[PDB]
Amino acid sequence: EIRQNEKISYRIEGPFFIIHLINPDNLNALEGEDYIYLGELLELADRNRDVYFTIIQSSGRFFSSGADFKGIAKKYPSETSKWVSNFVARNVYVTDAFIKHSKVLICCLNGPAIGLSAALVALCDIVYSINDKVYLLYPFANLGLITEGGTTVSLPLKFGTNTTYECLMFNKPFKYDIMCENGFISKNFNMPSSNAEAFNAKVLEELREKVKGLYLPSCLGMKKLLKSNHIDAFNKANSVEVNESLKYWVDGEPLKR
């Protein structure tokens, strides 16, 4: 068991643990406590012996527009203490939940993802797209922040170093063509952008077919070995990213933007 969250649901269907972002009217923008809740759902999936795949699905036109700004609120003895509790803690936890996850993590990209949400997409093992209008945007340079959610490692790993610099330094999107040219997207479903619900069902239908006849413990044993290629780099980056962001928050520049 776990508390209910009106913005994120989950369910289990056979070997699939399915997480669903269900706040399309706000483009599935997520507050700090929602990122924590995502980590807690990954923990549930990770401990469930019948689960082999964790599938993240969303709703409406965006996968997620990223961290919900409105959050702010109004209690802490310093600006540092405040940002350690609100930003550092949450980022280090949810990023670690993705990095360490032992089940096969699949993202169903129904639209654009931005910011920390787009970082989490880049931490997934497999990504499927609704159509060719999807993109990922990491607007750190425009917001006065730095890399988050393991993007320091994942973006050069999955898109190449030179491409990563052009996108990050100048606040440009990783568009569909860049995703395709780097094999980031394993299948494009070519469905209308209004059709996230049908897209999500179609991915699960194909997954049910694809797992027939496989020995699912092999999937997990192979993931365990594959994860060892970059696990150290991801764990180092996570700690450094969250601690180096603090000067940007405490300076105040992101609040201005």
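Numbers for residues come from their place in the sequence shown, where the first is 1. We call the rigid core the largest set of C-alpha positions that still match within 1.5 Å between the two forms.
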query: Stretch with larger C-alpha RMS deviation in 6 other deposited structures of this protein, core superposed, 244 to 252 versus 18 to 26; finding: 244 to 252
query: Stretch departing more from the displayed form, 86 to 94 or 156 to 164, Cα RMS in 6 other deposited structures of this protein (core fit); finding: 86 to 94
query: Unmodelled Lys75 in at least one third of other entries with both flanks present; finding: yes
query: Residues of the deposited sequence that sit between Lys75 and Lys74 yet are not modelled; finding: 4 to 9
query: Of 62 to 70 and 199 to 207, the stretch whose C-alpha atoms average the higher B-factor in the entry; finding: 62 to 70
query: Comparing 39 to 47 with 187 to 195, the one whose average Cα B-factor in the PDB entry is higher; finding: 187 to 195
query: Given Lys133, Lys158, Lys100, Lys103, the residue at which the Cα B factor reaches its maximum; finding: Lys133
query: Maximum C-alpha temperature factor, selected from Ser129, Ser154, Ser81, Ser117; finding: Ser81
query: Lowest, middle or highest third - CA B-factor, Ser228; finding: middle
query: Lowest, middle or highest third - CA B-factor, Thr54; finding: lowest
query: Within-chain third of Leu21 by Cα B-factor, per the entry; finding: middle
query: Entry-reported Cα temperature factor of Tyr248, expressed as the chain third it lands in; finding: highest
query: Lowest, middle or highest third - CA B-factor, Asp96; finding: lowest
